[PDB]
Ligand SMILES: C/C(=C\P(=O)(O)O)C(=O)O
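This document starts with one chain, in the form solved without the named molecule, laid out as structure tokens.
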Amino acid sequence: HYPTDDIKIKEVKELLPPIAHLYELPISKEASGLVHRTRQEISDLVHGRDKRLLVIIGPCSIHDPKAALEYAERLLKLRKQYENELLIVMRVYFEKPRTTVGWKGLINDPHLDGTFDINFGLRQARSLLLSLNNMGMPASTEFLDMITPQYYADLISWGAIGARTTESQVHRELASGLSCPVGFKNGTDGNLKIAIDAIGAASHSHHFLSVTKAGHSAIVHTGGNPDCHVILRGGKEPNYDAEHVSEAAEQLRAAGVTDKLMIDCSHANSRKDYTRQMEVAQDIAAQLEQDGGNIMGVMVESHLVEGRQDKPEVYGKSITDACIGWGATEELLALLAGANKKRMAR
């Protein structure tokens, strides 16, 4: 009997089931309310019913929860201060997808040493998310797979599907069952169609494989997600300007889906240069003054300290994509609250 099973597997180990984590860290009355309301409020932006600017803002990836709570602390004050112009939600991404060897995120490797203590990772991520909501900061994250959401999705008010997974059918099937509103990024080369197609798909009922709260293999039957939109993320060339928005809106209308879209100031719209994020936010501001009726949100990569670092030596600086610092963050948010005050007035 020749072996044919698990030939290239080093190990398969049981994780604690989602219920174990839900038992230790149940969502509280206050978190529940924040999440439920924030999702509704985002739905309204998505469907053109309110004209505030959704701002998804925070670290490229979280590596230290201490600093993330500190960042949240400062961000909350601005969330309240711009609450009439801006709906600020924190970026709480645990991993950046990548091609080469490197750190696989807080869930996967919370100790940043390669011991992959995933049970700790998932506990830590739920805990941070619960603390954020408990202090009054709503959270957003990208879902990279079909299982992790069972651990902490109940605490997420806005989810993302990245450029690298927007065309994947099973990620669309996931999105169709996510309790939060979902943004689909255009593709790494600037293809927008894949994202538009994703919205259509994610709005219908689907089936996909996952585990139950008790941790057992299962088939999930979704009811459809009416709250999806596209995110302009750039490509071979940037796609943030009025000519690119207008054309995106036109494609969206022609597909019978929402022509309210979000713009990412980072990644390929900055040319992977964090200093250009402000240029992009400036261009967005300028659009919100002239007209910009098709814009419902913006994405921004921001931390306490500006820049990137290969090891986590320095407190509050990304080890993934380069972020703008806190001062640049005060300026950008102010700029956007100012421009949008004027759009809302009209």
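So that the term is clear: the rigid core is the largest set of C-alpha atoms that superpose within 1.5 Å between two forms. Numbers for residues come from their place in the sequence shown, where the first is 1. Only residues modelled in both forms are compared.
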Looking only at CA atoms, which has the higher mean B factor in the entry: 293-301 or 310-318?
310-318
If you average the CA temperature factors over each stretch, which comes out higher, 108-116 or 192-200?
108-116
Specify which of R123, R91, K213, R271 carries the largest Cα B factor in the deposited PDB entry.
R271
Member of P226, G183, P97, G177 with the greatest C-alpha B factor (per the PDB record)
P97
Quick check for you: using the entry's CA B-factors within this chain, is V101 in the lowest, middle or highest third?
highest
By the record's CA B-factor, is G48 among the lowest, middle or highest third of residues in the chain?
highest
Tell me, lowest, middle or highest third: where does the Cα B factor of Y82 rank within its chain?
middle
State the tercile, meaning the lowest, middle or highest third, of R74 with respect to the CA B-factors recorded for its chain.
middle
Here the Cα B-factor of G136, set against its chain, lands in the third termed middle
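There is another form of this protein, the form solved in complex with the named molecule, and it is not shown here; the text below is about that form.
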Exactly one of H244, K96, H206, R123 has a non-hydrogen atom within 4.5 Å of the named molecule in the deposited bound form; which residue is it?
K96
Option touching the named molecule, based on a heavy atom within 4.5 Å in the deposited bound form, out of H229, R79, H171, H267:
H267
Does the trio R91, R164 and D321 actually contact the named molecule in the deposited bound form, every residue with a heavy atom within 4.5 Å?
yes
Test of understanding: in the deposited bound form, would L288 fall inside 4.5 Å of the named molecule by heavy atoms?
no
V46: touches the named molecule in the deposited bound form, heavy atom cutoff 4.5 angstroms:
no
At the 4.5 Å heavy atom threshold, is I62 in contact with the named molecule in the deposited bound form?
no
Just to confirm the contact call: exactly one of 96-104, 113-121, 271-279, 249-257 touches the named molecule in the deposited bound form at a 4.5 Å heavy atom cutoff, so which is it?
96-104
Judged by heavy atom distances of 4.5 Å or less, which residues of 226-245 approach the named molecule in the deposited bound form?
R233
Which residue of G223, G200, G102, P226 is the mover here, meaning its C-alpha shifts by 2 Å or more between this form and the one not shown once both are aligned on the rigid core?
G102
After the core superposition, state the residue ranges of at least 3 consecutive residues in which each CA shifts by 2 Å or more between this form and the one not shown.
99-102
